[PDB]
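Written out below as structure tokens is the structure these notes cover.
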Amino acid sequence: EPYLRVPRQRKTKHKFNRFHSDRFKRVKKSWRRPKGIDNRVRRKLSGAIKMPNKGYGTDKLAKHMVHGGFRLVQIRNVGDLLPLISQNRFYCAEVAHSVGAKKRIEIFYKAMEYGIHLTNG
Amino acid sequence: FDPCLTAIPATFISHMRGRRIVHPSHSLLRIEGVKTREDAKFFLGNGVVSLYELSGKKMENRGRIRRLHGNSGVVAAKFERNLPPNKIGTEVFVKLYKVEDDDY
Amino acid sequence: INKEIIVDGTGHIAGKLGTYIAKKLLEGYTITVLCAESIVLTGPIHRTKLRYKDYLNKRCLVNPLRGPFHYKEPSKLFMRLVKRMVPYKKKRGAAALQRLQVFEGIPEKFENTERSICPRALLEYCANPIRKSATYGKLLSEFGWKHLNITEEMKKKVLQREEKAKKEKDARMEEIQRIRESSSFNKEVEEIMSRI
Amino acid sequence: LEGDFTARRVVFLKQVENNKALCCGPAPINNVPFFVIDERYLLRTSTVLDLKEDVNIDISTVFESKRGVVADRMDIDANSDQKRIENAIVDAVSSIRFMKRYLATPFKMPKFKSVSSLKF
Amino acid sequence: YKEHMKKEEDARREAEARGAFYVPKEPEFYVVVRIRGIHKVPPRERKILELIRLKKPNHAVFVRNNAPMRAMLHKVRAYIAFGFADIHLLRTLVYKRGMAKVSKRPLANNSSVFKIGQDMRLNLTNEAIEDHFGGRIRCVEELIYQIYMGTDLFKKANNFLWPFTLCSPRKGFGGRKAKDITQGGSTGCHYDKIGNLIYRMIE
Amino acid sequence: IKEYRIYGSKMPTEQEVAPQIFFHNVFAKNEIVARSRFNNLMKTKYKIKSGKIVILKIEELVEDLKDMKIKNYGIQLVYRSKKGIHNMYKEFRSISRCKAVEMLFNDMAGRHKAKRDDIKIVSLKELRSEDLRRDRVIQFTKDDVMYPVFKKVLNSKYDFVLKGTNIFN
RNA sequence: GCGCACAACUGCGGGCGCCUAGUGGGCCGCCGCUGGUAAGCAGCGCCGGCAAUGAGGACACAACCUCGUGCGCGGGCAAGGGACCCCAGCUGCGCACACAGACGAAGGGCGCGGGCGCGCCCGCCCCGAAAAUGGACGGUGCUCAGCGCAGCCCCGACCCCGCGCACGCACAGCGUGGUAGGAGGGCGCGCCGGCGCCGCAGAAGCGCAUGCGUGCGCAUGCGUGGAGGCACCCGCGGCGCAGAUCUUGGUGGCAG
Ligand SMILES: [Mg+2]
Ligand SMILES: [Mg+2]
Ligand SMILES: [Mg+2]
Ligand SMILES: [Mg+2]
Ligand SMILES: [Mg+2]
Ligand SMILES: [Mg+2]
Ligand SMILES: [Mg+2]
Ligand SMILES: [Mg+2]
Ligand SMILES: [Mg+2]
Ligand SMILES: [Mg+2]
Ligand SMILES: [Mg+2]
Ligand SMILES: [Mg+2]
Ligand SMILES: [Mg+2]
Ligand SMILES: [Mg+2]
Ligand SMILES: [Mg+2]
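Protein chains in written order, with the authors' numbering: chain LEE, 2 to 122; chain LFF, 5 to 108; chain LO0, 2 to 197; chain LE0, 61 to 180; chain LF0, 52 to 254; chain LS0, 7 to 175.
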């Protein structure tokens with residue numbers, strides 16, 4: 002189904018939760034680089050969790066790819082379907098969340114006319 | 005089809021490891037009757053299968069004997085999926101045909 | 002693979018037998034050790050008794066109910082040896098220790114079984130005959146193990162029954178050999194290979 | 061070693077494209093049809109039959125046995141040239157004394173004592 | 052190469068045909084392998100390993116058999132293994148692991164304008180040699196010859212070779228590698244037995 | 007280890023066109039220790055340091071073991087302990103000269119903890135049986151000497167075997 | 001002014017200016033010292049380290065040894081090891097018997113093994129050798145798991161090599177640790193000037209999922225909700241919290 006099959010190639014299945022976000026509910030899981038003087042994650046001691054680096058970054062051309070080779074496109078109305086008509090195979094289209102059900106009907110019908118794959122429907 | 009009909013059983017004894025750090029992609033196997041390093045050269049490149057059950061459904065995890073290990077016929081094998089440390093002490097079956105590092 | 006070993010413990014150095022036992026146990030073997038009163042400790046007996054008295058001295062002062070337990074049986078003392086040759090606090094080492102069963106003498110459950118030896122752990126192979134040595138039952142009968150004589154008597158009655166059955170069995174191996182060498186058997190055998 | 065049959069002494073005919081090999085343990089003898097498997101799964105034994113016939117057969121419809129699947133293939137087919145070259149190795153097996161029992165018997169692993177004992 | 056080596060053997064056996072002792076002219080270069088790592092190096096010894104272009108262990112270079120270079124090799128002899136390569140070790144080091152230090156030239160018709168601080172480590176192709184030495188040398192063996200026979204082109208030929216990023220040796224160093232080979236280590240003058248390390252280090 | 011005869015001299019200059027040639031017979035691990043043991047003797051007997059030495063020749067003295075009998079060797083050595091430097095005379099029976107010094111090195115290490123580098127050999131002489139001074143090596147010079155083996159040795163590599171199996175014989 | 005001319009080796013781009021931070025308690029090792037009976041004491045010199053340097057090996061262990069360090073894969077190794085814990089060992093030659101190896105002195109030992117001239121010398125062992133919770137060659141244990149040696153082999157780091165990717169660079173390539181600290185580019189928040197839009201056919205918010213993302217975070221699905229909101233470009237800023245015996249509010253355990 003994609004034009005070119007891009008493998009997933011995320012360099013780790015790690016999530017990089019924040020340090021001690023397991024132990025404290027005040028510490029949310031969004032990553033903060035720990036800056037303490039004795040902190041075992043900053044010091045990169047063995048047994049500590051890993052910190053995000055440049056090295057974990059996925060490939061430039063594989064980045065932000067969905068369903069193999071596709072790239073997501075936000076759609077708010079039927080006018081957004083028109084620049085996707087020529088490039089059907091490159092983009093999976095996604096209707097925005099705040100689009101109402103009346104306009105989602107008209108997006109859904111024009112997308113199957115223009116042959117655009119909708120991830121919402 | 006019994007695995008012991010055509011394949012030689014080998015016990016999964018350890019992962020390839022340091023004293024503490026363990027590299028689980030390479031599994032150390034002790035083939036029965038193989039007791040020296042030159043005896044285990046007969047099994048370099050040979051395919052190996054680890055047979056297990058997931059929810060009662062039989063699975064084959066296939067691998068390749070990659071390198072020798074030590075002077076006592078222990079060989080290191082790399083499988084499709086890494087062997088769990090639960091299966092240490094259980095048997096895996098060493099095939100009599102060579103497979104390649106790309107194609108198990 | 003038959004991964005079940007029954008070890009006869011006589012003439013074996015204790016820690017040298019224990020390493021080959023524990024290395025088998027961590028590979029999934031089930032080892033049973035018989036005749037554990039005859040497992041040998043090298044060196045003179047008085048040095049070995051001082052090592053035991055050093056063991057008996059170690060106990061929890063606060064509460065000896067939870068202290069280092071002191072074993073007077075040769076089976077539990079040999080089990081204590083192999084216990085720390087495995088990682089017994091981890092689940093991999095404790096599961097391996099469940100595959101040991103160590104006994105004094107030969108219980109009648111192990112009548113007519115096929116017993117093994119570790120030749121690299123034998124005293125006649127490892128030790129010099131000039132050096133002294135003593136068994137577990139020689140030591141522990143002076144530290145509260147009262148069952149040395151009843152072990153050896155019941156050991157003998159097992160060995161006499163097994164020597165009797167071996168006297169019968171090898172005669173059957175004798176007669177089957179004399180039958181299979183007979184020309185009546187051979188021409189019976191080549192007649193079947195003729196038809197195949 | 062790894063096929064539908066997977067412990068069956070067969071005889072090797074011809075190496076086919078995409079790494080395959082034509083084999084037939086003769087279907088009168090061992091109830092094994094013509095097949096192609098991967099080249100590697102054939103463990104080579106030292107004894108060779110004296111087959112003089114050409115093995116360039118119409119391979120287009122021969123049942124190919126994959127590795128893990130034991131998928132129940134359809135039974136025997138028309139066998140235009142397969143009947144001739146089967147009878148030639150029934151001719152070859154009849155010359156050698158115990159070779160008929162050999163190809164009929166499923167393979168057992170030799171009792172391991174050394175790798176010298178694994179010569180075949 | 053064969054004629055030069057045959058002439059020395061004929062010179063040597065003719066000398067022992069008489070009573071004499073003949074040792075040839077010792078080679079025009081040393082081959083030097085960095086044994087110790089980059090840590091805990093005093094500033095003089097760290098500087099000499101920079102001027103020998105030995106910036107990591109298991110790196111190998113050729114240095115000239117000079118009187119100043121011999122004194123440089125002596126002061127860092129606790130960090131290096133050096134000796135004499137013959138023509139087989141010279142050619143194996145360059146043909147199997149030989150890269151060129153090439154400056155970029157942005158204009159085709161003008162080889163005089165180029166970049167100073169950025170030198171690329173590229174393959175030792177004939178055209179890289181023909182561009183550096185302005186038509187005077189244009190093959191790899193002709194670069195070996197300036198190394199082997201120590202010509203006037205030695206300094207240009209040796210510097211054109213990137214330092215040999217060798218592997219660590221097969222079968223190990225066989226002991227405690229930091230001490231001298233006269234004490235059982237692997238660190239010092241391996242006078243002509245330097246191939247016993249380096250041949251194990253190439254692959 | 008090996009035996010080396012290493013020839014060397016002062017490097018010839020215009021002042022001294024043919025310097026005196028010296029040679030040393032070294033039992034060394036390789037030629038680099040053999041050059042090292044040669045350079046110290048030129049530094050300490052004469053005053054020629056190693057920068058001004060040319061090593062003219064290094065040859066491997068190897069004996070022909072054509073029919074391979076056992077000879078007797080008397081070794082005069084000088085070994086340095088932790089406490090001092092001493093003279094010793096040891097007698098060995100061996101195959102070659104280079105094997106007898108290997109018996110010297112393993113014996114001085116076993117009996118005196120003298121390492122190989124702590125030992126300098128004054129002379130190694132192959133001896134008659136009549137000239138041997140050690141009565142322990144004299145006992146094996148007698149013809150028709152015989153003894154049994156009392157040490158048990160295994161006949162394979164075993165981890166566990168049944169009781170009936172012969173392992174020693 | 002004319003003429004001559006590129007000067008040992010090796011490496012390699014270099015010079016200078018401006019603004020500004022942090023720092024100004026250090027500590028450790030090596031070698032060399034000073035004071036002191038000494039000190040894990042105090043004070044110096046040189047170099048290296050820790051601080052700020054992970055990882056491997058040291059039983060654990062800021063500094064020792066190896067050795068640097070993006071994310072992986074493959075190889076080869078280092079230090080250190082190869083009875084079992086615990087990855088990896090076999091072949092030979094010695095030596096030692098003391099709950100030794102496993103803290104030690106002067107002084108000793110017809111203890112054993114070598115050597116020299118009864119006395120010396122060298123190895124191992126012994127005596128000298130006594131502490132308070134029970135207990136530490138790390139443990140098990142080991143008397144060829146001790147003390148020595150040789151041969152061949154093996155294991156073992158993020159080291160080295162090779163490959164791939166990420167990021168940085170002046171980009172046929174090279175590089176990649178980091179406290180205090182500086183810099184760059186983004187993510188996020190309230191509102192502004194615009195510009196594209198969305199919403200009672202259900203906005204924000206919320207809950208649970210899925211996806212994207214190195215990461216800050218983003219998007220969607222379902223549920224809830226019931227009226228607003230989003231994206232981008234700009235501009236303004238009371239703009240991002242785990243800490244402050246923080247503030248306020250709520251709630252636990254304690255505790256029926
Ligand atoms: Mg202090
Ligand atoms: Mg470091
Ligand atoms: Mg560390
Ligand atoms: Mg550590
Ligand atoms: Mg290796
Ligand atoms: Mg092991
Ligand atoms: Mg690196
Ligand atoms: Mg960085
Ligand atoms: Mg910072
Ligand atoms: Mg907003
Ligand atoms: Mg936003
Ligand atoms: Mg504020
Ligand atoms: Mg808070
Ligand atoms: Mg904070
Ligand atoms: Mg309360």
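We treat Cβ as the ideally placed atom computed from N, Cα and C, and that holds for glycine.
Cβ neighbour criterion (16 or more within 10 Å) applied to residue i
i: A122 (chain LO0); result: buried
i: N91 (chain LE0); result: exposed
i: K91 (chain LF0); result: exposed
i: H92 (chain LS0); result: exposed
i: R148 (chain LF0); result: buried
i: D9 (chain LO0); result: buried
Integer-rounded CB distance, given that residue j should sit under 8 Å from residue i
i: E95 (chain LEE); j: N78 (chain LEE); result: Incorrect: roughly 13 Å between the Cβ atoms, too far for contact.
i: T147 (chain LS0); j: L138 (chain LS0); result: 7 Å
i: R85 (chain LF0); j: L100 (chain LF0); result: 7 Å
i: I2 (chain LO0); j: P7 (chain LFF); result: Actually they are not in contact, since the Cβ atoms of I2 (chain LO0) and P7 (chain LFF) sit about 12 Å apart, beyond 8 Å.
i: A23 (chain LO0); j: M86 (chain LO0); result: 4 Å
i: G239 (chain LF0); j: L140 (chain LF0); result: With 8 Å as the limit, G239 (chain LF0) and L140 (chain LF0) do not qualify as a contact, their Cβ atoms being about 18 Å apart.
i: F5 (chain LFF); j: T66 (chain LE0); result: 5 Å
i: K82 (chain LFF); j: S18 (chain LFF); result: Not a contact, Cβ separation roughly 14 Å.
i: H118 (chain LEE); j: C93 (chain LEE); result: 5 Å
i: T33 (chain LO0); j: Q102 (chain LO0); result: 5 Å
Contacts around residue i, its chain only, beta-carbon distance under 8 Å, and the 5 residues preceding and following it disregarded
i: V164 (chain LF0); result: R156, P157, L158
i: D149 (chain LS0); result: none
i: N18 (chain LEE); result: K30, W32, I50
i: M123 (chain LF0); result: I99, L102, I103, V114
i: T49 (chain LO0); result: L42, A135, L140
Cβ-based neighbour list, residue i, same chain, cut-off 6 Å, excluding 5 preceding and 5 following
i: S56 (chain LS0); result: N45
i: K89 (chain LS0); result: none
i: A136 (chain LF0); result: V82
i: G69 (chain LEE); result: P3, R6, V7
i: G138 (chain LO0); result: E38, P75, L149
i: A97 (chain LEE); result: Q75, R77
Under 8 Å between C-beta atoms of residue i and residue j
i: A44 (chain LFF); j: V38 (chain LFF); result: yes
i: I144 (chain LS0); j: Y242 (chain LF0); result: no
i: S125 (chain LE0); j: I97 (chain LE0); result: yes
i: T10 (chain LFF); j: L87 (chain LFF); result: no
i: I69 (chain LFF); j: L48 (chain LFF); result: yes
i: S176 (chain LE0); j: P170 (chain LE0); result: no
i: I136 (chain LE0); j: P93 (chain LE0); result: yes
i: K16 (chain LS0); j: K51 (chain LS0); result: no
7 Å CB neighbourhood of residue i in its chain, flanking five on each side removed
i: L83 (chain LS0); result: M94, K96, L110, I125, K126, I127, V128
At a CB distance below 9 Å, what residues from the region 90-104 of chain LO0 approach chain LFF? Give them in sequence order. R93, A96, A97
Can you list, in chain order, the residues of the region 10-27 of chain LFF whose Cβ is nearer than 9 Å to any Cβ on chain LE0? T10, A11, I12
Taking only beta carbons into account, state which residues of the region 85-104 of chain LFF come closer than 8 Å to chain LO0, listed in chain order. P89, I92, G93, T94, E95
For the region 40-70 of chain LS0, which residues have a beta carbon sitting closer than 7 Å to at least one beta carbon of chain LF0? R41, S42, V60, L62, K63
Closer than 9 Å between beta carbons: that is the criterion. Which residues of the region 27-51 of chain LFF meet it against chain LO0? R34, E36
Using a Cβ-Cβ cut-off of less than 7 Å, list which residues of the region 58-77 of chain LFF approach chain LE0; keep chain order. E64
Which residues, in order along the region 129-141 of chain LF0, keep a beta-carbon less than 7 Å from a beta-carbon of chain LS0? none
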